[PDB]
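In: pasting the sequence and an experimental structure:
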Amino acid sequence: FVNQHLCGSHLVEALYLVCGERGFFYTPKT
Amino acid sequence: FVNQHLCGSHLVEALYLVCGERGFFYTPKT
Amino acid sequence: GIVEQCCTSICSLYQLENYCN
Amino acid sequence: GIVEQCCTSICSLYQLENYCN
């Protein structure tokens, strides 16, 4: 699931699954 | 959608929709 | 943190926006 | 940023993990 174009909620979802209990930051403007 | 128990992907989703172009940080351990 | 305020207790817009950049 | 690397170009695990805490 990670080796594709991922945008919006699809990108958030991938971050959520990959990062797990670490959590993540989603900075689309930076 | 925000005035309920939100966990896991459901919480991420709410952050995504509320924060919009600002993005957000998801820190479940902190 | 966010899990305590929004998952194991009822979330709110006020609290969610504390986690926007 | 993440949008350039993963949305308007093909994402990768290496890049996604740069955004884990």
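Out: That came through fine. Numbers count the residues shown, from 1 in each chain, chains lettered A, B, ... in the order given.

In: mind listing what's buried along stretch A:15-30?
Out: Within stretch A:15-30, the residues scored as buried using 16 or more other CB atoms under 10 Å in any protein chain shown are A:15, A:16, A:18, A:19, A:23, A:24, A:25, A:26, A:28. Backbone N, C-alpha and C define where each C-beta goes, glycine included.

In: out of those residues, which are close to chain C?
Out: residue A:25 (CB under 8 Å from any CB of the partner chain).

In: filter the buried residues of stretch A:15-30 down to the ones in strands?
Out: A:24, A:25, A:26 (DSSP state E).

In: of these, list those near chain D.
Out: Among these, chain D is touched by A:24, A:25, A:26 when using CB under 8 Å from any CB.

In: any idea how far whichever residue of chain A sits closest to chain C is from residue D:19?
Out: Using CB to the nearest CB, the single residue of chain A nearest to chain C is residue A:27, 5.9 Å away. According to CB to CB, to the nearest Å, residue A:27 and residue D:19 sit 8 Å apart.

In: quick check: neighbours shared by these two?
Out: residue D:2 (CB atoms under 8 Å, 6 or more residues apart in numbering or on different chains).

In: which bits of chain C sit near chain B?
Out: C:1-3, C:6-13, C:16-17, C:19-21.

In: list buried residues within the residues you listed.
Out: The buried subset of those (16+ other CB under 10 Å) comprises C:2, C:3, C:6, C:7, C:11, C:16, C:19.

In: now secondary structure and distance to chain A too, for these, in JSON lines please.
Out: Output for these, formatted as JSON lines (DSSP: H, G, I helix; E, B strand; the rest coil; distance: CB to the nearest CB, whole Å):
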{"residue": "C:2", "secondary structure": "helix", "distance to chain A": "9"}
{"residue": "C:3", "secondary structure": "helix", "distance to chain A": "10"}
{"residue": "C:6", "secondary structure": "helix", "distance to chain A": "13"}
{"residue": "C:7", "secondary structure": "helix", "distance to chain A": "13"}
{"residue": "C:11", "secondary structure": "coil", "distance to chain A": "16"}
{"residue": "C:16", "secondary structure": "helix", "distance to chain A": "13"}
{"residue": "C:19", "secondary structure": "coil", "distance to chain A": "10"}
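
In: point me to the residue of chain C nearest chain A.
Out: Closest contact between chain C and chain A, by CB to the nearest CB, is at residue C:21 (5.9 Å).
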